[PDB]
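Here is the structure we will look at.
There are 4 protein chains.
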Amino acid sequence: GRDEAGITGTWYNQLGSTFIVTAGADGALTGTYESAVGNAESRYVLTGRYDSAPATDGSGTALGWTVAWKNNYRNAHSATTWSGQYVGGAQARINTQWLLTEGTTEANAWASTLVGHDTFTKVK
Amino acid sequence: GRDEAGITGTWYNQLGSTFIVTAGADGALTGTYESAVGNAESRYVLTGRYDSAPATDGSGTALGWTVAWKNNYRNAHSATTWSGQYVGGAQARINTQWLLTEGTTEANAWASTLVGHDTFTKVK
Amino acid sequence: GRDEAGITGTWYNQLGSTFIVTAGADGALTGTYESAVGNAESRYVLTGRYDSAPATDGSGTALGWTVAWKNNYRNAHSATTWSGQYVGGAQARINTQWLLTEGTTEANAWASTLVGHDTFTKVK
Amino acid sequence: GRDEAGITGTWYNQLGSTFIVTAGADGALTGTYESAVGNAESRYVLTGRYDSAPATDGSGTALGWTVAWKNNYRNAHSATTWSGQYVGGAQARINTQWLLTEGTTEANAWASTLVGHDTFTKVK
Ligand SMILES: O=C(CCCC[C@@H]1SC[C@@H]2NC(=O)N[C@@H]21)NCCN(Cc1ccccn1)Cc1ccccn1
Ligand SMILES: O=C(CCCC[C@@H]1SC[C@@H]2NC(=O)N[C@@H]21)NCCN(Cc1ccccn1)Cc1ccccn1
Ligand SMILES: O=C(CCCC[C@@H]1SC[C@@H]2NC(=O)N[C@@H]21)NCCN(Cc1ccccn1)Cc1ccccn1
Ligand SMILES: O=C(CCCC[C@@H]1SC[C@@H]2NC(=O)N[C@@H]21)NCCN(Cc1ccccn1)Cc1ccccn1
Numbered sequence: 011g012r013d014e015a016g017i018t019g020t021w022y023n024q025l026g027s028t029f030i031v032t033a034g035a036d037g038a039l040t041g042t043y044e045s046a047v048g049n050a051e052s053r054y055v056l057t058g059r060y061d062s063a064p065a066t067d068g069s070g071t072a073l074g075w076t077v078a079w080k081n082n083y084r085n086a087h088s089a090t091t092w093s094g095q096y097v098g099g100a101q102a103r104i105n106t107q108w109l110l111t112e113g114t115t116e117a118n119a120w121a122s123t124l125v126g127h128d129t130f131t132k133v134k
Numbered sequence: 011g012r013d014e015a016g017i018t019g020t021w022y023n024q025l026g027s028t029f030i031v032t033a034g035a036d037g038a039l040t041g042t043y044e045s046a047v048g049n050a051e052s053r054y055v056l057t058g059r060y061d062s063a064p065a066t067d068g069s070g071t072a073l074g075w076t077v078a079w080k081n082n083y084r085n086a087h088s089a090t091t092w093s094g095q096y097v098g099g100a101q102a103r104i105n106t107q108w109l110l111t112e113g114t115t116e117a118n119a120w121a122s123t124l125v126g127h128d129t130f131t132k133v134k
Numbered sequence: 011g012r013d014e015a016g017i018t019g020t021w022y023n024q025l026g027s028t029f030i031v032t033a034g035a036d037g038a039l040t041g042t043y044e045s046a047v048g049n050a051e052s053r054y055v056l057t058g059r060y061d062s063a064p065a066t067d068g069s070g071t072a073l074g075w076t077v078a079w080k081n082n083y084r085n086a087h088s089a090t091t092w093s094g095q096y097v098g099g100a101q102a103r104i105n106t107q108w109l110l111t112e113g114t115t116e117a118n119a120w121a122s123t124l125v126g127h128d129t130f131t132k133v134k
Numbered sequence: 011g012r013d014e015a016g017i018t019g020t021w022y023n024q025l026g027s028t029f030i031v032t033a034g035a036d037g038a039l040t041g042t043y044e045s046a047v048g049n050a051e052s053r054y055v056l057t058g059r060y061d062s063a064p065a066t067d068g069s070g071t072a073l074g075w076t077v078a079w080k081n082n083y084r085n086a087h088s089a090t091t092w093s094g095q096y097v098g099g100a101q102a103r104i105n106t107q108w109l110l111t112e113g114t115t116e117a118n119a120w121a122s123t124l125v126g127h128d129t130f131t132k133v134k
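Chains as they are written, first to last, in the entry's author numbering: chain Z, 11 to 134; chain E, 11 to 134; chain C, 11 to 134; chain Y, 11 to 134.
Written out as structure tokens, the structure is:
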């Protein structure tokens, strides 16, 4: 993938969370996520996909991933998806928006889903 | 997983798209997505995660998945993530919200991301 | 406004909430909202804007409005915005997505905002 | 309103857009918006609402507003809603997420709505 080497590695967001990812040649993202906030401790499995053949016109590389917030320690009965783009270079970034859905009853489903935004960098 | 059997199989949304998924015992979702709309043809790889040990209080099962819109036919330089919950029973559903990010220049990144909602059923 | 007469009046969503609105000739929306769910009772002031000169090509009419969830009875320290389009005709609809933000501390601001979707009709 | 004086005035976001607002004693927001990007020129009317009696526990003040992108110069057949919170003090901010809906045909309504996030400050 064009940005396989750029994406692969450890990333940090503005909350102090850690995103460890391997980008595969056929568009796969695999790794682990550790949130600094919320009903979470230690690492969670993540999986996702990226554009392995992005535009050559200076555009970012589209990607997304999912974490279900269950591991051996805790289960928050919730999943987050991040959708965004990798922007390579000296100060590389992944700029994302996310959707965090919890399991609800039907009566409470209107209130099932948080939205927010995370910016990941290779330092901090 | 509690809902492994319920989630696994073929799903259809209100647009006429087809979602084919296998739920794994350790929380994995793998399969293929075919959109009835947009800059897409044929099937795309998807991966994601679900809560394999949901609450037993009548709540839904939280899940999410990603599709990067590149296959052997087309590349839309974009990725969609779906975040939502599975609601089992006679008229099973997956109720989702989604984020579709395209690769953009920095100047156009404000306009990188669509949001919407899909409801999947086992018929239609 | 082209759709002034179509928008003006009483609307109901899938939750059983009631949206009472007057569309003005210069693009204003004014009225009251009563939620069937959440930390809400009775009516709340709403204000917003619509496109008073929409495209004549069969497109919908873009609009949005805000409710801050404070009235004489309760204060939920939160605001919802609805963004969507009016689609006129025998089975008129307003199709919306919404953002509901509560006041939070800085440490909890990641979790400040719910997202969802409401469909309003002139019956039910 | 507790934060009437803090909110009232001129605000700037990270795109270079300008938000001019008056906060009323009964929760109203009125003013004008000028976007630095997109299909927009000069000022547009905005209206919205804020929590005029926020929590006294260090939480932000919830608010939202709408702009329909029609003025005497241009009509983008679209509306944006911002939902967020005011955080007062030496480096006051309004932290928002937004939904921008354009009028579409029914076939294209899946793609009607952009999502993003704006941070407003009293300088820049
Ligand atoms: O806490 C979790 C798991 C960890 C999420 C951390 C997120 S992922 C996005 C962001 N980026 C990060 O690095 N960390 C955070 N899920 C429960 C979320 N709950 C609310 C919540 C709110 C405040 C504090 C703790 N929890 C319950 C709930 C879900 C849905 C709707 C309404 N309510
Ligand atoms: O079309 C695609 C790939 C297929 C997406 C189909 C979606 S996924 C969610 C929904 N559920 C489905 O089953 N199908 C659809 N990506 C380009 C999206 N573009 C816009 C678009 C708008 C209208 C028609 C076609 N394309 C460019 C663009 C992306 C971001 C921001 C702004 N603009
Ligand atoms: O309840 C309210 C006011 C009424 C909102 C009703 C909404 S508006 C959209 C939808 N359409 C309708 O007709 N009714 C509903 N605000 C507090 C929301 N809270 C959560 C909540 C969740 C479940 C039940 C009650 N409250 C606290 C909170 C806000 C943000 C983030 C995280 N958490
Ligand atoms: O451009 C406008 C009006 C101005 C919006 C400026 C926004 S408001 C949020 C953000 N904050 C700001 O200060 N400025 C920006 N509406 C058309 C948006 N269009 C896309 C667009 C994309 C790139 C460049 C210009 N336009 C068409 C369209 C709407 C919906 C879905 C899919 N596509």
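Think of the CB as a built atom: it goes at the ideal place given N, C-alpha and C, for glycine as much as any other residue.
- Counting only residues of its own chain and dropping the five nearest sequence neighbours on each side, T90(E) has a CB closer than 6 Å to the CB of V77, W108, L110.
- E44(E): not part of any alpha helix (DSSP H); member of the beta strand (DSSP E) spanning 38–44, first to last residue.
- Between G58(C) and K80(Y), the C-beta gap is not smaller than 9 Å, which leaves the two residues out of contact.
- Within 9 Å of the CB of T123(C), the CB atoms of chain Z belong to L124, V125, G126, in sequence order along the chain.
- Across the structure, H127(Y) and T106(Z) are spaced so that their CA atoms are roughly 11 Å apart.
- For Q107(Y), the residues of chain Z that pass the 9 Å Cβ criterion are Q107, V125, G126, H127, in the order they occur in the chain.
- In terms of CA proximity to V133(E), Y22(E) leads the group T18(E), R12(E), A35(E), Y22(E).
- Contact annotation: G99(Z) and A119(E) have beta-carbon atoms that are not nearer than 9 Å.
- Annotation for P64(Z): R12, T71 place their beta carbon closer than 6 Å to its own, counting only its chain and skipping 5 residues before and after.
- Just so you know, the alpha carbons of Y43(Z) and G94(E) end up roughly 19 Å apart.
- One finds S93 in chain C with Cβ atoms closer than 8 Å to the Cβ of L110(Y), taken in chain order.
- Taking 8 Å as the cut-off, the C-beta of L110(Z) counts as close to a heavy atom of ligand 1.
- Against chain E, a Cβ distance below 9 Å from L25(Y) picks out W120.
- For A15(C), the enclosing alpha helix (DSSP H) begins and ends at 14–17.
- Bridge pairing for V31(Z): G19(Z), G41(Z) [DSSP].
- Closer than 8 Å to some heavy atom of ligand 4: that does not describe the Cβ of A119(Z).
- Contact annotation for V47(Y) against chain E: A117, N118, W120, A121 [CB-CB distance below 9 Å, chain order].
- Excluding five sequence positions before and after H87(C), the CB atoms of its chain that fall closer than 7 Å to its own CB belong to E112, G113, given in chain order.
- A distance criterion of 8 Å places the beta-carbon of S93(E) beyond contact range of ligand 3, judged by its closest non-hydrogen atom.
- In the three-state scheme derived from DSSP, where H, G and I count as helix and E and B as strand, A78(Y) is classed as strand.
- Under DSSP, the beta-bridge partners assigned to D128(Z) are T106(Z).
- Separation of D61(Z) and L73(Y) (C-alpha to C-alpha, rounded to the nearest whole angstrom) is 37 Å.
- Along the segment 55–77 of chain Y, going in chain order, the ones with a CB nearer than 9 Å to a CB of chain C are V55, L56, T57, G58, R59, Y60, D61, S62, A63, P64, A65, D67, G68, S69, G70, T71, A72, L73, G74, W75, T76, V77.
- When the alpha-carbon of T28(Z) is set against those of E14(Z), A50(Z), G34(Z), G16(Z), the nearest one is in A50(Z).
- Excluding sequence positions up to five before and after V97(C), its CB lies within less than 6 Å of the CB of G70, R103, all in the same chain and listed in chain order.
- DSSP places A72(C) within a strand segment (E or B) once states are collapsed to three.
- C-alpha of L124(C) to C-alpha of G26(C): approximately 19 Å in a straight line.
- Closer than 9 Å to the CB of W79(Y) there is at least one CB belonging to chain C.
- Annotation for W79(E) indicates a beta carbon at 8 Å or more from all heavy atoms of ligand 3.
- At a cut-off of 9 Å, the C-beta of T114(C) has a neighbouring C-beta in chain Y.
- Exclusion of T76(Z) from the 8 Å shell around ligand 2 follows from its C-beta lying no nearer than that to any non-hydrogen atom of the ligand.
- Non-local beta-carbon contacts of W75(Y) in its own chain, meaning distances under 6 Å to residues more than five positions away in sequence, involve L39, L56, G58, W92 in chain order.
- Using a CB distance cut-off of 9 Å, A38(E) counts as an interface residue toward chain Z.
- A119(Y) carries a helical assignment under DSSP once its states are collapsed to helix, strand and coil.
- When secondary structure is reduced to three states using DSSP, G113(Z) falls in the coil class, being assigned neither helix nor strand.
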